[PDB]
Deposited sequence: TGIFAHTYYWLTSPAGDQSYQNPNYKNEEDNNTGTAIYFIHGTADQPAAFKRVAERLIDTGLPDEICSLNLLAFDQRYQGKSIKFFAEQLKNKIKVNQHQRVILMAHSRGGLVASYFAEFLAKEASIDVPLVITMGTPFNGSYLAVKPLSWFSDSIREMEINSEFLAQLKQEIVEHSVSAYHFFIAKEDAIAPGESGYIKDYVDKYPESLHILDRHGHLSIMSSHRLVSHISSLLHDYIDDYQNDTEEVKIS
């Protein structure tokens, strides 16, 4: 955005942060893209988040592009790289916003790598992430069990209505949605394929950040 982070990722520093009576240790947001996804649209989502207004509590906004993104490579490796980049930036209490396959990566990071890395992950937001389904089905099932039962992160699945009524669970975990109804967000896409172009998305995300911050 504004500047480049130590990890090489694009970064936006919050003017609201570091204000008078600033939070002692804040929360940084990380924006992860799926494979072969345009980072510029994802920057559209972050810029619109800034336009809406970010809580003073939020440290910075980070973008997982540039150094270093591969086209093809294993899930575990990408999550390990995400953890490495978070540790290079010395961030704590990171909020993850991921798209498509990237949501798997973030979720893997949030479920195994994050605790013994001593990184808190309060919010994990996934947009069209194929949890139900290359990636193994056993791995998907074990990840879903970790998300439903043991996870300490709040998961929010953003999908399109066509995927909602589509048979099966696409972009969301039915068990988790049943446990937490407010986790599922269904967005009207009039023009395909623009889930991230909706302003309802940014509105819900900003309301999620505010809800988490007020608590």
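Unmodelled regions (deposited sequence positions with no C-alpha coordinates, counted from 1) are 1 to 8, 142 to 159, 242 to 252.
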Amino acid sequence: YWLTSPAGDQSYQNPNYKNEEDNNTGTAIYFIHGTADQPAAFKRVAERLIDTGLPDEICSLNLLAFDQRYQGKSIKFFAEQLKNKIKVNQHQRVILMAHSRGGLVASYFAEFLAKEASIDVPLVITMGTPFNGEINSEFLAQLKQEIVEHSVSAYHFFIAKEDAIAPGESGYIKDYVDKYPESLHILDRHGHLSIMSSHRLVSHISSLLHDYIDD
From here on, numbers count along this sequence of modelled residues.
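Higher mean CA B-factor, judged across 169 to 177 and 49 to 57 from the recorded values: 49 to 57. For the two regions 22 to 30 and 66 to 74, the entry's Cα B-factors average higher over 66 to 74. Of the candidates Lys161, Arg44, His185, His190, the one whose C-alpha carries the top B factor in the deposited record is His190. Sort the modelled residues of the chain by CA B factor and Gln90 lands in the middle third.
Ranked against the other modelled residues of its chain, the C-alpha B-factor of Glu134 as given in the entry falls in the highest third.
Among the modelled residues of its chain, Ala36 has a C-alpha B-factor that falls in the highest third, as given in the PDB entry.
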